[PDB]
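Heads up, the chain below is alone and in the form deposited in one PDB entry; it's given as structure tokens.
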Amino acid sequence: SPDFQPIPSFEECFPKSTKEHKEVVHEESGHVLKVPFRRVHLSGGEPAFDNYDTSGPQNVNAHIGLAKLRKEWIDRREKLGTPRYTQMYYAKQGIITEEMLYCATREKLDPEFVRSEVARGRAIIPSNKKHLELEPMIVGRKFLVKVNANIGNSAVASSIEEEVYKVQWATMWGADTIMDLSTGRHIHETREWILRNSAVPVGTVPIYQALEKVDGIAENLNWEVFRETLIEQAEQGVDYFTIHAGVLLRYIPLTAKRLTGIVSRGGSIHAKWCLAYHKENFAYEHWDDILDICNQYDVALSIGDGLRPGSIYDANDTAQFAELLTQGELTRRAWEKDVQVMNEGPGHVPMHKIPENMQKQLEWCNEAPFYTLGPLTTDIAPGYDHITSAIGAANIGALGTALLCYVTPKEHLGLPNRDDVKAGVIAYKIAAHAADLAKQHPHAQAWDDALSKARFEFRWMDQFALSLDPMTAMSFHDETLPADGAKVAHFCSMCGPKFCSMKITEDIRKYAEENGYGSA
């Protein structure tokens, strides 16, 4: 019974917003789905602006956990009977599931389009049947670009209470998925509390706990230990597993001349084991057995990039792309068993090398969703790697990357705290939305337009309410002009009343009203 403390309220974080749900009926089952969104209430005769909402149910006691909203969906499918439980299996049968309709509604797209994307392997809906608390979401290039927030303890830092806070906090600010990457104490328990209290998909990297199960002795890992860890985590409801099955024995020497070696945590663990025994990666060898596990729960596979580059020097090297080729093989094998797959990508990559990454992944991995860690576009600014990587994430997102794993200001320096989690999520929501705009994703610009209209019209509170982080925008403005009257002033302190360009435009257009721009 951890001493859980509440995050700041939705209302504190998003003034003028309300949580809403769109009700739709899943016709085959008759199940009524309540698909979340937020509504930003505006002034001056503007219609309210509806936006995406990952924050999940609010004010729920963490000792009790979230409502098991998917229970009737899972129970009905079990009673009907099925050989496999994955969204890809259902999609290939021509079945539109509750999860697919929920995602279609959430994305403002057709349910058949969702089904098609999942069936062809170009989108995934990470949704383990044991994660009944989940509000379904979809990851794929044809959908909104999504953001993952990484949390979890280490042996050096944090606690159960703080990690649960961090999941609620990450999702408040826009995280679409989270991963519990705990490598310290109480791994199982920490994850249980998180899953029961997470409305978003939860991923893990099972090799971390497997290594803990053998007391940090990598040589004592093997398939059997790993298999038991997979089943344990699947039973709790983990929606996706990062598995570094492309770190093949023969690829390891390709890293010998790298500047920063193997920087992947899981990748380095597999490499250590492979070298210790001179034997092929056991997750690769047992790929089919992993697929059998995934089929029973619907755990999606996030095929790791254990040989990703950890420095600009190492970007796009032979080791990295050898693994990418194998990720594609593993992807196609998974699809033969109807297991949902995404592929993990780099890393530290300078901007001119970003296009090659997307081109090769799209081709070699048959358009499976891509899931990048950034990339960081330069190594020079630890303390600011949310910015160095927002540049790369936005770029690779624009080229088609479906899920952007965040990077916080603590990257390369220490375990992120709750403040760093917020900073990382905001930077990544910026990158993801900038990518949506670059892709001309339907209706993405409506958000920018609503805020910009409020800006031009000096509807200051509306401007703040429409932004990613309303209280930051408001407090920043108020540092110089805190008075209530300034919230309707046609200027701010940047230019002052006589040099505000939008006020000058306002006067210009007023002058032009009577007959136009043609008279003195």
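Numbers for residues come from their place in the sequence shown, where the first is 1. Heads up, when I say rigid core I mean the largest set of C-alphas that superpose within 1.5 Å between the two forms. Only residues modelled in both forms are compared.
The next section is about a form of this same protein that is not shown, the form deposited in another entry.
* Asked: Which listed residue, 93, 311, 359, 159, is the one whose CA shifts 2 angstroms or more between the shown form and the other one with the rigid core aligned?
  -> The one that moves 2 Å or more is 159.
* Note on residue 159-residue 65 C-alpha separation in that other deposited form, which departs from the shown form by 3 angstroms or more -> The answer is closer, because the C-alphas of residue 159 and residue 65 approach each other in that other deposited form by 3 Å or more.
* Asked: Do the C-alpha atoms of residue 154 and residue 65 sit closer or farther apart in that other deposited form than they do here, given a shift of 3 Å or more?
  -> Closer together, which means the C-alphas of residue 154 and residue 65 are at least 3 Å nearer in that other deposited form.
* Asked: Which segments, of 3 or more consecutive residues, undergo C-alpha shifts of no less than 2 angstroms between the shown form and the other one following superposition on the core?
  -> Residues 153-163 form the single run that moves by 2 Å or more between the shown form and the other one.
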